[PDB]
>>> print(open('structure08.txt').read())   # compact mmCIF, N, CA and C atoms and all ligand atoms
# COMPACT_ATOMS: atom_id res chain seq x y z
N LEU G 2 96.84 86.14 110.28
CA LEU G 2 97.14 86.38 111.68
C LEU G 2 97.38 87.86 111.98
N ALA G 3 98.19 88.50 111.14
CA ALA G 3 98.53 89.89 111.29
C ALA G 3 97.26 90.77 111.18
N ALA G 4 96.47 90.46 110.16
CA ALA G 4 95.20 91.15 109.94
C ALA G 4 94.24 91.03 111.14
N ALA G 5 94.13 89.82 111.69
CA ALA G 5 93.25 89.58 112.82
C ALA G 5 93.54 90.55 113.98
N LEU G 6 94.84 90.70 114.23
CA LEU G 6 95.31 91.51 115.33
C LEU G 6 95.09 92.99 115.07
N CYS G 7 95.38 93.44 113.85
CA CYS G 7 95.09 94.83 113.52
C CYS G 7 93.61 95.14 113.71
N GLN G 8 92.74 94.23 113.30
CA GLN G 8 91.31 94.45 113.44
C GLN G 8 90.93 94.48 114.92
N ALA G 9 91.35 93.48 115.67
CA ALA G 9 91.06 93.42 117.08
C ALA G 9 91.36 94.73 117.83
N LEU G 10 92.48 95.33 117.45
CA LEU G 10 92.97 96.53 118.13
C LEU G 10 92.49 97.83 117.49
PB PB Z 1 97.70 94.59 109.31
>>> encode(input="structure08.txt", output="structure tokens", more="lines below")
Ligand SMILES: [Pb+2]
Amino acid sequence: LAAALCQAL
């Protein structure tokens, strides 16, 4: 979940 968000941003 944390990774997904870092990538998105
Ligand atoms: Pb991250």
>>> residues_near_ligand(input="structure08.txt", ligand="ligand PB 1 (chain Z)", cutoff="6 Å", atoms="all atoms listed in the file", output="number ranges by chain")
G: 3-4, 7
>>> write_last_selection(input="structure08.txt", atoms="N, CA and C atoms", output="compact mmCIF listing (two decimals), in the frame of the given file")
# COMPACT_ATOMS: atom_id res chain seq x y z
N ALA G 3 98.19 88.50 111.14
CA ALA G 3 98.53 89.89 111.29
C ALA G 3 97.26 90.77 111.18
N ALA G 4 96.47 90.46 110.16
CA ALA G 4 95.20 91.15 109.94
C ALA G 4 94.24 91.03 111.14
N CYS G 7 95.38 93.44 113.85
CA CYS G 7 95.09 94.83 113.52
C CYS G 7 93.61 95.14 113.71
>>> select_by_dssp(input="structure08.txt", residues="chain G", states="helix (DSSP H, G or I)", output="list in words")
residues 3, 4, 5, 6, 7, 8 and 9 of chain G
>>> axis_aligned_box(input="structure08.txt", around="range 2-5 of chain G", padding_each_side="8 Å", output="JSON")
{"center_x": 95.9, "center_y": 88.6, "center_z": 112.0, "size_x": 21.3, "size_y": 21.0, "size_z": 20.0}
